[PDB]
Amino acid sequence: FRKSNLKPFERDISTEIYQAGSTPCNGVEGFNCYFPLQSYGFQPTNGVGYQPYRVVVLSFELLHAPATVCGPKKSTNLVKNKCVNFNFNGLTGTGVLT
Amino acid sequence: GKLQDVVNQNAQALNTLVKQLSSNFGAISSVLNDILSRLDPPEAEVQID
Amino acid sequence: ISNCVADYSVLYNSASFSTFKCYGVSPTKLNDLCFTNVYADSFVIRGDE
Amino acid sequence: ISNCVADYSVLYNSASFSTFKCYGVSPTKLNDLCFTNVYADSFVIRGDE
Amino acid sequence: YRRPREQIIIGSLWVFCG
Amino acid sequence: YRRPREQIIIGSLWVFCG
Ligand SMILES: *[C@@H]1O[C@H](CO)[C@@H](O[C@@H]2O[C@H](CO)[C@@H](O)[C@H](O)[C@H]2NC(C)=O)[C@H](O)[C@H]1NC(C)=O
């Protein structure tokens, strides 16, 4: 139960009772006042549609800052005054380094 | 000013054309190299188009 | 996640994950790509969701 | 019930009904929703039933 | 919040705000 | 009776038959 949809990448912890009805809840559940949180039900005999899935979401971003997270690619020597394909922390391109 | 305005207008047109190279136009980035180096060809075709 | 060398290829071929869907990047191509930060959000979700 | 204007807000806020359960629709969201036909079935049911 | 494209090169515009 | 989804969008497929 919530008043409006979440903005992207937003987290909510407040457990205030939703006042869906016109009657004020006054902080206590009852008529038209439901607990905002609900408990899952997971059993070893539950169906695949109800089986609990452990999920992870990975997000990447670059903020023109030092490239802290990189890959296992091995760096090579430095070449100057030659038309080469450079790759500086992902700055993929071609040109002459002088 | 009659001679200088022609040069100014041509320079403005060229500057606008150059600035137009840094627009997403709906893609994920304005740099073609980033699109080529991040996405596989089938997904990169849409951004390139 | 920051200031560490990553390896997404092993996560890709581990074959222990039911769903591996990436948006805006190619599973086999971010292996040689660099980012400033990586955020990992974890939770448990029902099968139909 | 058809070809008329309904009012579910007063029914929800009447506070005279012991049980108000909605399946497949939000009780506070169908006020701005329109339906072609409305069926009303009424009878007497035991307390335990 | 929504952040400008100038400050983010690869990532999504939206950032954590909860 | 039961009706196909092509005729009913919001309501239940089952219709009155008594
Ligand atoms: C950081 O702390 C401030 C101070 O508590 C928080 O500001 C409060 O936010 C709540 C809900 O957003 C309001 O009801 C309060 O009136 C605000 N002020 C105070 C003094 O409590 C702020 O939300 C916190 N931000 C984060 C991200 O935790």
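Residues numbered from 1 in each chain as written, not as in the entry; some residues may be left out. Chains lettered and ligands numbered in written order. Part of a larger assembly, values for the part shown. Heavy atoms only, no water. Residues with missing side-chain atoms left out of burial classes, pairs and counts.

- Its PDB header attributes the entry to cryo-EM and lists the resolution as 3.2 Å.

- Per the PDB entry, chain C carries the name Spike glycoprotein,Fibritin and comes from Severe acute respiratory syndrome coronavirus 2.

- In the nomenclature of the PDB entry, chain A is known as Spike glycoprotein,Fibritin of Severe acute respiratory syndrome coronavirus 2.

## Some thoughts on the overall build of chain A
Okay, so step 1: Looking only at helices and strands, chain A features zero helices and six strands.
Okay, so step 2: When the elements of chain A are put in sequence order from the N terminus, they spell out β-β-β-β-β-β.
Okay, so step 3: Whereas a compact globule of 98 residues would reach a radius of gyration of roughly 13 Å, chain A reaches 27 Å, over 25% beyond that.
Okay, so step 4: Its C-alpha atoms give chain A principal-axis dimensions of roughly 80 × 40 × 15 Å. (Helix = DSSP H or I, 4+ residues; strand = E, 2+ residues; numbered from the N terminus. Rg over C-alpha atoms; globule rule 2.2 N^0.38 Å.)

## A look at the UniProt feature "disulfide bond" in chain A
Residue and element names in this part refer to chain A.
Okay, so step 1: For the UniProt disulfide pairing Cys25 with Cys33, the two sulfur atoms lie 2.0 Å apart, close enough for the bond to be present in this model.
Okay, so step 2: Judged by relative accessible area, which is 4%, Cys25 ranks as buried.
Okay, so step 3: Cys33 sits in the buried class, given a relative accessible area of 6%. (Disulfide = S-S within 2.5 Å. UniProt positions renumbered as here; feature names shortened; annotations may be inferred. Buried < 20%, exposed > 50% of the residue type's maximum accessible area, 1.4 Å probe, protein only.)

## Quick look at unusual backbone geometry
All names here are of chain A.
Okay, so step 1: For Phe9, which is not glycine, the phi dihedral falls at a positive 55°.
Okay, so step 2: Mapping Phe9 onto the fold places it in the segment before strand 1 (18–19).
Okay, so step 3: Overall, the relative accessible area of 36% leaves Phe9 in the partly exposed class.
Okay, so step 4: Phi angles above zero are rare outside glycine, and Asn32 is one such case at about 55°.

## Some thoughts on the interface of chain A and chain C
Okay, so step 1: The interface is formed by 29 residues belonging to chain A together with 27 residues belonging to chain C.
Okay, so step 2: Going through the elements one at a time, strand 3 (52–61) and strand 4 (69–70) of chain A are the ones with two or more residues in the side of chain A that touches chain C.
Okay, so step 3: Of all the elements, strand 3 of chain A adds the most residues to the side of chain A that touches chain C, at 10 residues.
Okay, so step 4: The class makeup of the residues in the side of chain A that touches chain C is 20 nonpolar, six polar and three charged.
Okay, so step 5: For strand 3 of chain A and strand 2 (residues 37–46) of chain C, the ladder comprises 10 bridges, and the chain directions are antiparallel. The partner of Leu58(A) across the bridge, within strand 2 of chain C, is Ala40(C). (Contact = heavy atoms within 4.5 Å. Nonpolar A, V, L, I, M, F, W, Y, C, P; charged D, E, K, R; others polar. Pairing = 2+ DSSP bridges.)

## Re the state of the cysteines
Okay, so step 1: Under the counting rule described, the total for this entry stands at two disulfides over all chains.
Okay, so step 2: The partner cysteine of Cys25(A) in its disulfide is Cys33(A), sulfur to sulfur 2.0 Å. Handedness of the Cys25(A)-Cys33(A) disulfide follows from its S-S torsion of about -100°: it is left-handed. No difference in accessibility class separates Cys25(A) from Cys33(A), as the two residues are buried.
Okay, so step 3: The side chain of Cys70(A) participates in a disulfide bridge whose partner is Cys34(C); the two sulfur atoms lie 2.0 Å from each other. Its torsion about the S-S bond being 120°, the disulfide of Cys70(A) and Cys34(C) is classed as right-handed. Residue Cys70(A) is found in strand 4, and its partner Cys34(C) is found in the loop between helix 1 (8–13) and strand 2; the two belong to separate chains. You'll find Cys70(A) and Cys34(C) in the same group, each marked buried.

## Focus on the side chain of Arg38(B)
Okay, so step 1: Mapping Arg38(B) onto the fold places it in helix 2 (residues 32–38).
Okay, so step 2: Buried charge without a salt bridge: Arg38(B), with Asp34(B) as the nearest opposite-charge side chain at an N-O distance of 5.2 Å.
Okay, so step 3: Beyond its immediate stretch of four places on either side in the chain, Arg38(B) contacts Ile28(B), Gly24(C), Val25(C), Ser26(C), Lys29(C), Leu33(C), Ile9(E) and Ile10(E). (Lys, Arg positive; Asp, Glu negative; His and termini not counted. Salt bridge = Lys/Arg side-chain N within 4 Å of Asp/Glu carboxyl O.)

## Focus on the nonpolar core
Okay, so step 1: Formed by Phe60(A), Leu62(A), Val69(A), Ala6(C), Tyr8(C), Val25(C), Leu30(C), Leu33(C), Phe35(C), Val38(C) and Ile10(E), the largest nonpolar core amounts to 11 residues.
Okay, so step 2: Those residues in contact with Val69(A) that lie beyond four places of it in its chain are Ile1(C), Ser2(C), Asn3(C), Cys4(C), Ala6(C), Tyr8(C), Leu33(C), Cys34(C), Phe35(C), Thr36(C) and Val38(C). (Core = buried A, V, L, I, M, F, W, Y, C linked by side-chain atoms within 4.5 Å.)

## Topic: the packing of aromatic side chains
Okay, so step 1: In the structure shown here, the tally under the stated rule is nine aromatic pairs over all chains.
Okay, so step 2: Measuring from ring centre to ring centre gives 5.0 Å for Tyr40(A) and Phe42(A), while their planes differ by 15°; the resulting arrangement is stacked.
Okay, so step 3: Residue classification places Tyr40(A) among the partly exposed residues on the basis of a relative accessible area of 44%.
Okay, so step 4: Considering the side-chain rings of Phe60(A) and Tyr8(C), the 5.7 Å spacing of their centres and the 80° angle between planes classify their relative orientation as edge-to-face. Pair noted here: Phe60(A) is in strand 3 and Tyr8(C) is in helix 1, and the two residues belong to different chains.
Okay, so step 5: With a relative accessible area of 15%, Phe60(A) lands in the buried category.
Okay, so step 6: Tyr8(C) gets classed as buried once you look at its relative accessible area, which sits at 9%.
Okay, so step 7: An aromatic cluster of three or more residues is present, and its members are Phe1(A), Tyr18(A) and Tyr34(A).
Okay, so step 8: One residue, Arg46(C), lies across the ring of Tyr50(A), its end atom 5.4 Å from the ring centre. (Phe/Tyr/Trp six-rings, centres within 6.5 Å; stacked < 30°, edge-to-face > 60°. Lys NZ or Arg CZ within 6 Å of the ring centre and 35° of its normal.)

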